[PDB]
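*Asks:* Can you read through this structure? Questions will come right after.
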Amino acid sequence: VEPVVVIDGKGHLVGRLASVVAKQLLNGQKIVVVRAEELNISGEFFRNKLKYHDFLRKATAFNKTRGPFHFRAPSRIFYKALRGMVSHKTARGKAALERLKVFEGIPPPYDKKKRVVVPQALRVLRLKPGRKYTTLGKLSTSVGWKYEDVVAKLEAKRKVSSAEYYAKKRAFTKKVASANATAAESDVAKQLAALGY
Amino acid sequence: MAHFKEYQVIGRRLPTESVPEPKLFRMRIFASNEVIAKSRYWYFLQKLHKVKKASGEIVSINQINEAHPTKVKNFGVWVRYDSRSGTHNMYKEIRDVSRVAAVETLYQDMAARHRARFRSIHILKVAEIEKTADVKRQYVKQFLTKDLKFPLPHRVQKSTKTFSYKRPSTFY
Amino acid sequence: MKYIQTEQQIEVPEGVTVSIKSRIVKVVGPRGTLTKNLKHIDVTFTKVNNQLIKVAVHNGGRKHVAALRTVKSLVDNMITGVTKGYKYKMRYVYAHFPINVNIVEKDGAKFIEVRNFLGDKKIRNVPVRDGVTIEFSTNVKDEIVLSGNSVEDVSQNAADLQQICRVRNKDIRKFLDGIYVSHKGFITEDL
Amino acid sequence: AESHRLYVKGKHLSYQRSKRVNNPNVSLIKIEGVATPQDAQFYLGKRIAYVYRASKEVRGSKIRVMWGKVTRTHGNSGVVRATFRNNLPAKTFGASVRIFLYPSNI
Amino acid sequence: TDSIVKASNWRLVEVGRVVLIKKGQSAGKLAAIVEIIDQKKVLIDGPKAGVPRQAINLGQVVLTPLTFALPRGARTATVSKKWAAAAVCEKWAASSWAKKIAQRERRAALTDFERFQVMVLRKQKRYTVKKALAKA
RNA sequence: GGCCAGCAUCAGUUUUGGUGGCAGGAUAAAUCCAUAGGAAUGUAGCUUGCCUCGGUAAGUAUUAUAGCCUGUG
RNA sequence: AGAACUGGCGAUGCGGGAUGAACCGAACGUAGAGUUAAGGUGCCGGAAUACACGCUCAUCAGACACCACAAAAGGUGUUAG
RNA sequence: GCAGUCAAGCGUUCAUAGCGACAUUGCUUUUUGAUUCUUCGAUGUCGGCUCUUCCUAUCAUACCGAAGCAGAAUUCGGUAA
RNA sequence: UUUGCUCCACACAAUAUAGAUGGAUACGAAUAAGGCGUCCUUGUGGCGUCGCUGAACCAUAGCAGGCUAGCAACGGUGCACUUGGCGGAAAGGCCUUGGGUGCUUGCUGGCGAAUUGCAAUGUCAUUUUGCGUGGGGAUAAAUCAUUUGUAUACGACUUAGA
């Protein structure tokens, strides 16, 4: 219900994460997807490996440039599973997509804001315990995208830059928590209970 | 087939003026309404006695309710079912509350594992087993044991909104 | 049919300590520390008291129970690994060509060097897996013996040395030359 | 009271349509904060007004409005059928539209 | 340094578990399992909460941290009686859980006027708290 | 004395709820009560025997600080 | 290629079968409103990622007629008898 | 043309190393036919030279497994174009 | 090269706007596991609590916000300065030092807002483009033509020339 919805990508299914996004982009709800390389796919690591190559070789014969492209990056392999859902030929599906922006890891502006999840996506609430899964990073790093470890570095960086944060944020609430209870018992506190709050 | 009702039906044939009072008959039909009972009834006469709806009549149609919805009961069920490769006997046991819902639990089964439609599945009989320890299969024997305790692993709760900010867990 | 719930029993002798948090399994004993991650296999641990610790699966299927079982056998093989220890007696087998086995330090990584195999001109080399020290047996001619902690260490490195000796495109039922894992022992002399 | 919205905001959406046909006379409106039509009966008859900025100024005003009212619920998810004096331009999909509270059936 | 195997401690279905029903024609009443059938559908009665004896799927029901022990297959007349001295109700209204449900149910029934009152009183409070954290 | 509007009351066509009344049903079945019998995935209680002063392994034992089932009402 | 009892297509649109004259429902003066058939109910498409019980993981899965492919034989793979 | 299923026998002894009749189920279009649905107000019709590309039911090479494989030579098969 | 050009304010029109109307209200990891607190030998620690949906937390009373009074606190803020530190994955931000000016519904006050005439967005969100006004800051390049060739079909490329 907010101007720019920031979806965190960890713990999601490439299929069922995009399916809700494709509709949330036709309602005029802006989205920026972040931390893609931890996104997941049903089935084992080897299936997706050959879910892919058989699409990797589909390039048009008489010239390779103008054939169907193949994007190795962790983003686009999601962004390809998305742009198919939206129908983009008529101008609606074109200007509709620029509501959407995809990223790997996190970009500079959009880490500072609260990062959400979609209840019906997560690998934890769908797949059966004991079933396998595939980390899209593990996939795209193997099928010829490059930079994963360099992205894994920045993640292993900002986690620390956000670590000192949470302490200063929590320790602040530690004051306010009992300070929420230091004003209790008062004649106004008895009424808020009768008033429900 | 639907939420069921266990019907009894009594056919008397049609008396000829030479023959008053035929011996009647009655069968316990599992059907989803008044009519489907009557028809599914006549189906069992034609394959037993030569008589059929043309020469027949129905005395009464009376729903039956379980006299004890209270107690959990163990139902042995003999099932003759036609299928692709031939016809076969079965004996499957059901742990279910009442006779009329005990059969509904069965079509969900027999139309899953053995791929038989409602058209192809007769019900030969339904009977409760008095004492335990007379039970056949393990999977009915499974729950007869003393004071069962189990957790439900890996909870899920149906969600309404398309966004939930808290990273919902399975704790339970 | 989903057998409702089952369980197995792990048992701990006095001087060894399991530590299980999440599904991570630590072990500490006379032979040192072992660590293992079972998180892929989804089981629940029950600790009654020390020597009695029960593993259980609820509402699972055939395969899932089949996984519980081997989880038992795994962790228990670690425990009896950290008391006893693991030792493999391998004996050399050679016909006309004696096989040289050096131990060589190369960048401190402990490479086992095999020379004169089948009188070949090639040099053979294998990395030693971590934790396993290797001895050459006294008063047994042409024997090499491996000593280590976990079963995967000793077993994996041992068998790897076994399969470095394959013969190439000769008869495999005539030339028997090679190195073979024969007797699987435990490090301590008694057991 | 820095929020002066007296209207329930809502997002315009696709026309009444089959797969290969659409009928512009009945637009669909999705209302924020609604789930089932059993809940959504309260919004029936509430007059809707689409508000779009313009280029020319007429009637001494730089902004124009197309009035319209709700007919009935659409599907289980609370999507709402809406008519108008004149069908929406179709240039608006996912554009916001204002549901006034009047007439109040309360 | 002992085992230190921690918990993974579930609440457990058992004969006598007391269940909360949040969906269906009952929707928000306490009940208690009579005797469990199988992995899913169970038999329950809430007798003081009004829900009759019946079979119910687990998807419709939620388990509560409260418990009281029962003989298997106990009849409803017995369920009210074992229900009685177990102090089950006060247990239930005592948990913060039921306090939330009762709280919000008591919220959405506020007239707009008392909403206004809540506004003014929350300003009354927010001032005293803004003071309250300066010194400490 | 033209156009666009709104409101009220009607009318036709219809959809959305509420909500009462009455009849059917093995003149509902159940739950609930009186009522006897019968079993145990046998509670009390008994006792052996293991067992840190308590918990326990066995049968007795069909109701005792549980109860359920089977019937007739 | 050749015939029989019907029905269609030619001489006929519309919705569905992605698409296609003979498939399914239906036979159109022009508007309005309402309710349905066939088909569907992840997203592209409007509509329940609705409920229930189950069964299957496939290092060439399956996906609903006419419609556009598959067999003989094997497998303590698995599930039920 | 190719691929199976079973197996009497041959294969020293010996159905199965390799053969493989007797039958028997399929696949392919690369021949040759059947049909003639489309083009006689014309799609220029054999082969060669030329030049890429593709499918493998791979001839050689990489890596292996069986052999009636001692070595050598050779045969049968798999991942592979 | 008509005194143009860039930057900043003002001021005015136009010019449009895939489309505001309280707040995008910042840990990581597991989820057959955790968060939150408390205690210690600080641990793959203890003890308590909590999570079953943001149906929340903060903000939210003043003609779009009027005008003066008083009560307590020394807060919350508004604006513009300062203070220093931090920020590179698309840092253009965060946090902060000290002030100044303004509001205060934290509490009690006074007067006005009625004819927009029984509703009609009732227009107070923005980008852009231009124009005058105002104050700073600067005051050159490229192509053609000539010319070479390691460049060459013609363009392109590479040279050279106060």
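Quick check of the header: electron microscopy, 3.9 Å.
Keep in mind that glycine also has a Cβ here, set from the backbone N, Cα and C atoms.
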*Asks:* Looking at B:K47, B:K125, which one is marked ubiquitin cross-link in Swiss-Prot?
*Replies:* B:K125
*Asks:* Annotation ubiquitin cross-link in Swiss-Prot: match it to one of B:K23, B:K50, B:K141, B:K149, please.
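*Replies:* Looking at Swiss-Prot, the ubiquitin cross-link feature maps to B:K149.
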*Asks:* Quick check on the record annotations: which of B:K38, B:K131 is tagged ubiquitin cross-link by Swiss-Prot?
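*Replies:* Candidates were B:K38, B:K131; Swiss-Prot attaches ubiquitin cross-link to B:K131.
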*Asks:* Taking the Cβ of B:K125 (ubiquitin cross-link) as reference, which residues of that chain separated by at least 6 in sequence fall under 8 Å from it?
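*Replies:* In sequence order, the residues whose Cβ lies under 8 Å from that of B:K125 (ubiquitin cross-link) (at least 6 apart) are B:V77, B:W78.
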*Asks:* So of B:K131, B:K149, which of the recorded sites has the fewest other Cβ atoms within 10 Å around its own Cβ?
*Replies:* B:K131
*Asks:* In sequence order, what residues of the same chain, 6+ apart, have a Cβ less than 8 Å from the Cβ of B:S32 (phosphoserine)?
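*Replies:* The answer is B:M1, B:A2, B:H3, B:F4, B:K5.
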*Asks:* How big is the gap, in Å, between the Cα of B:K131 (ubiquitin cross-link) and that of B:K149 (ubiquitin cross-link), rounded to a whole number?
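*Replies:* B:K131 (ubiquitin cross-link) and B:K149 (ubiquitin cross-link) have their Cα atoms 23 Å apart.
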*Asks:* What subset of the recorded positions B:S32, B:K125, B:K131 has a Cβ positioned less than 8 Å from a Cβ of chain E?
*Replies:* none
*Asks:* Does DSSP put B:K125 (ubiquitin cross-link) in a helix, in a strand, or in coil?
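*Replies:* For B:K125 (ubiquitin cross-link) - judged by DSSP and reduced to three states - the answer is strand.
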